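Colleague: Here you go, one structure.
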Amino acid sequence: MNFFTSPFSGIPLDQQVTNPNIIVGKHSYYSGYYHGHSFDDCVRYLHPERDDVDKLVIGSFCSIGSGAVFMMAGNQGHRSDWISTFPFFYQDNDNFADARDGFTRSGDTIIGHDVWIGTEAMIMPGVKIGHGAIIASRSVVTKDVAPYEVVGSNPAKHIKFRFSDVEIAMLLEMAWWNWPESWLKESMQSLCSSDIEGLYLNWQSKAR
Amino acid sequence: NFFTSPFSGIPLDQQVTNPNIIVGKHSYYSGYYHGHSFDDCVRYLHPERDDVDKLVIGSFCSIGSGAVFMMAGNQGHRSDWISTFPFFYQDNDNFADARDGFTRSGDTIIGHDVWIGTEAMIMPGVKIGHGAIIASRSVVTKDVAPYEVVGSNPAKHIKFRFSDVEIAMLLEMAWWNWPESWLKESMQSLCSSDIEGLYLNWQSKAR
Amino acid sequence: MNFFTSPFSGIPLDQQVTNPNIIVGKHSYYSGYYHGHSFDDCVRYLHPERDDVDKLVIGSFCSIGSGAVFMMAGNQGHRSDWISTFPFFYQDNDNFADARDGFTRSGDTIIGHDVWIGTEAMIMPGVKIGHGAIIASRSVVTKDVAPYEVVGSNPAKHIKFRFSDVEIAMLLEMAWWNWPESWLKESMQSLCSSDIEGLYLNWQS
């Protein structure tokens, strides 16, 4: 059947994540009706018992679309630089006895705060995505994405920045995702507008 | 699974249930490899609301397995707002003053005799002209002209199916709208490359 | 329910293929947990009962990622060069009675030995993939692929070769996938190395 009761249903990640190697912030939600499973099965090949593997970290206030894929397990035992990509070490067969372990880690996959990931996007092992970034639907993200950068395609590539450099710097500095709730609640209208600078000047006089 | 076999292609009008999905006759979906009927091809389309973007598909379309039609516009996310988090749609009292981020994209309109390859994705608001071909796994972000072939992600121009004049002749004769009797009689001609023939034959019958 | 018991489960192809028109070499495996189904449903539209359709041939020691797609049945009855792409012939309506059969074969799909196919890659009908090739995840493979070539993207495009032209000459020549299993057992450390030249010299003498 289905983890989700409605197409329009978006459940917070911190109510469906079971894998100790997945670390999630508040409010970030996964919208998964079209692919059936909860968030855990978005995160592929991530051993939940091992402390020595690439981990997945997701900030707060993320929007994650249906069927998005986060690839873990690094090269999954396959070494293209070796004579064979075939994972002899992992096929239990008396003849593959002296095989070396091909498994190479790629680094953690870190998703910043306020990231919107489109439906069926695929994030490759070890990539870092900056706060406020947008990943177009069906993207295959193979390298790091800068804060507030919009990328898309396969492999994914620069489309544009959401805002000026000044505004990006103002956002990274004010880190509204970390405000007291009180402040957050007060600022809902500004957050639903394009007035980065007015929000910034305001925060400045309250906070500095 | 909703399809009895891999080769099983059921007409859209035998399976659509969403009032906001409008479909021609003959158009079929072969969705065996993705289990669900065609309704679930059409993502985020409210069936009750008369004020949201619609999906309109014409006659004689061939829609491949797990093709996707994205509705609901930006789905409440505003890239030009400070945050794309859809506060207005989240169940939280701290989000009471949020404004509504939803923006419609316009309707998605697929014309007649359009073939859409398996697992291709159609973005909100795109118009795809008559006789167009959308390659498998295409991500269709902009309108497709009549008899155009496009592919890739984002989908880009590959080819036209025919010359400008042939396209014109086909757009004028509009076989998909002929009386049923003419259609049955045109069967061998339609399974042919002979635009000019059929066109001249049509002219003497219809003008 | 799911064919595979764990995400880390990889079942050999030869233990899960029931379709006579799929020919699979030894040790090749499909790691299919995330798409639930056995390999048979990776292979799309291959009529099991007939001998006049395109077939799938896969070499030994291949590694196939979850949800890889092998498109069979050529043009599926749709003729872009014809007036309509609508498959009249294949639909039941008395009005389509005199339709011509639009089906056309594409040739076999042939994956060589030692091929790694990334998750959710799509191999188009009739393509040939050379030994030791790597197909990136989400590739849409519309053209043939050279031995030891790495491709990715949609449509797939040349990224690079894994080895020099000489080293590729040597591997094609020594074809270690055909060695008796006894030899392989002695060669494991060499196969988990970048030493093509070393093993080559070891093979001839």
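Only the coordinates and a few stated rules stand behind these numbers; no lab work does. Methodologically, a virtual Cβ is constructed for each residue, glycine included, from the backbone with ideal geometry; neighbour enumeration extends over all protein chains shown.
Colleague: Between rounded, prolate and oblate, where does the protein assembly as shown land on the alpha carbon gyration tensor, with a ≥ b ≥ c its root eigenvalues, rounded for a/c under 1.5, else prolate if a/b exceeds b/c?
Modeller: oblate
Colleague: Read phi for every residue in region B:138-154 and hand back ³J(HN,Hα) as whole Hz from Karplus 6.51 cos²θ - 1.76 cosθ + 1.60, θ = phi - 60°, with x for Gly and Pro.
Modeller: Couplings: 4, 10, 9, 9, 9, 3, 10, 6, x, 6, 7, 9, 9, x, 5, 9, x Hz.
Colleague: Along each principal axis of its Cα atoms, how long is region A:1-116 end to end? Whole angstroms, biggest number first, please.
Modeller: Principal-axis extents of the Cα atoms in region A:1-116, largest first: 51, 31, 24 Å.
Colleague: A follow-up question, please. Among all the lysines, which ones have a C-alpha under 22 Å from C:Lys26's C-alpha, if same-chain residues fewer than 8 places away are not counted?
Modeller: C:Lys55, C:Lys128, C:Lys185
Colleague: For region B:69-75, what does the Karplus curve 6.51 cos²θ - 1.76 cosθ + 1.60, with θ = phi - 60°, yield as ³J(HN,Hα) per residue in whole Hz, taken in order and with x for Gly and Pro?
Modeller: Each residue's phi maps through the Karplus curve to give 10, 8, 9, 6, x, 6, 6 Hz.
Colleague: Determine the sum of side-chain charges near B:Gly111: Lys and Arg each +1, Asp and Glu each -1, restricted to other residues whose C-beta is under 13 angstrom from that of B:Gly111.
Modeller: The answer is -3.
Colleague: Going out from 0 in 5 Å bins, what whole percent of all Cα-Cα distances in region C:120-174 drops into each bin?
Modeller: Reading upward from the zero bin: 5, 22, 29, 22, 11, 9, 1.
Colleague: Taking chain A as the reference, fit the longest principal axis to its C-alpha atoms, fit the long axis of helix A:165-174 to the helix C-alpha atoms, and give the angle between the two in degrees, 0 to 90, nearest 10.
Modeller: The angle comes out at about 90 degrees.
Colleague: Among B:129-138, C:150-159, what's the highest-first ranking by average C-beta atoms within 10 angstrom per residue?
Modeller: Output ranking for B:129-138, C:150-159: B:129-138, C:150-159.
Colleague: Could you name the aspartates and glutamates in cross-link range of A:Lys143, using Cα to Cα under 18 Å and dropping any fewer than eight places away on the same chain?
Modeller: A:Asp54, A:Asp108, A:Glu120
Colleague: At 7 Å along Cα-to-Cβ for each site, give me the label-to-label distance between B:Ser105 and A:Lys157 in nm.
Modeller: For B:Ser105 paired with A:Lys157, the spin-label model returns 2.2 nm.
Colleague: Straight-line reach from B:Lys184: which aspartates and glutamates fall under 20 Å, measuring Cα to Cα and dropping same-chain residues less than 8 apart?
Modeller: Hits, sequence-local ones excluded: B:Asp113, B:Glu172, B:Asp194, B:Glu196, C:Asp92, C:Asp94, C:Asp98, C:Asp101.
Colleague: In addition: Across peptide B:118-124, how many C-beta atoms of other chains are within 10 Å of each residue C-beta, on average?
Modeller: 3
Colleague: In degrees, nearest 10, range 0 to 90: what is the angle between the Cα axis of helix A:196-207 and the longest Cα principal axis of chain A?
Modeller: 80
Colleague: Per residue of C:190-199, what is the mean number of Cβ atoms on other protein chains within 10 angstrom of that residue's Cβ?
Modeller: Shielding by partners across C:190-199 averages 4.
Colleague: Looking at chain B, I'd like the Rg to Rh ratio, where Rg is from alpha-carbon atoms and Rh is Kirkwood's inverse mean 1/r.
Modeller: In chain B, Rg relative to Rh is 1.05.
Colleague: Amide H neighbours of A:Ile64 under 5 Å, at least 5 residues apart or on other chains, H built in the peptide plane: list them.
Modeller: Placed amide hydrogens put A:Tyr29, A:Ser31, A:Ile117 under 5 Å from A:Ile64.
Colleague: Given 5 Å bins starting at zero, what is the percent of C-alpha pairs of region C:77-127 in each, up to the one with the largest pair distance?
Modeller: 4, 16, 16, 17, 12, 10, 11, 8, 3, 1, 0
Colleague: What does the structure give for C:44-53 when I average, per residue, the other chain Cβ atoms found within 10 Å of the residue Cβ?
Modeller: Averaged over the peptide's residues, the number is 2.
Colleague: Another question, then. When you count, for each residue, the other Cβ atoms within 10 Å and take the mean per peptide, how do C:173-181, B:41-49, A:118-126 rank with the highest first?
Modeller: A:118-126, B:41-49, C:173-181
Colleague: Here's something else I'd like to know. Given a Förster distance of 30 Å, report the FRET efficiency between B:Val56 and B:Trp182 from their Cβ-Cβ distance, rounded to the nearest 0.05.
Modeller: Working from the Cβ atoms, E equals 0.75.
Colleague: If you don't mind, another one. What is the set of long-range amide H partners of A:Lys157 at a cut-off below 5 Å, with H atoms built 1.01 Å from backbone N?
Modeller: The answer is A:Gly152.
Colleague: Further question on the same structure: For the Cα atoms of chain C, what angle does the longest principal axis make with the long axis of helix C:181-191, in degrees from 0 to 90, nearest 10?
Modeller: 80
Colleague: Still on this model: Using θ = phi - 60° and the Karplus relation 6.51 cos²θ - 1.76 cosθ + 1.60, list the HN-Hα couplings for region A:111-122 in order, rounded to whole Hz, with x at every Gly or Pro.
Modeller: 10, x, 7, 6, 9, 10, 10, x, 3, 6, 5, 10
Colleague: On to the next question. Return the long-range amide H neighbours of A:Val69 (sequence gap of 5 or more, or a different chain), with a cut-off of under 5 Å between placed amide H atoms.
Modeller: A:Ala121, A:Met122, A:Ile123
Colleague: Let me ask something else. Please state the shape class of region B:50-112: rounded when a/c is under 1.5, otherwise prolate if a/b exceeds b/c and oblate if not, all from the C-alpha gyration tensor.
Modeller: prolate
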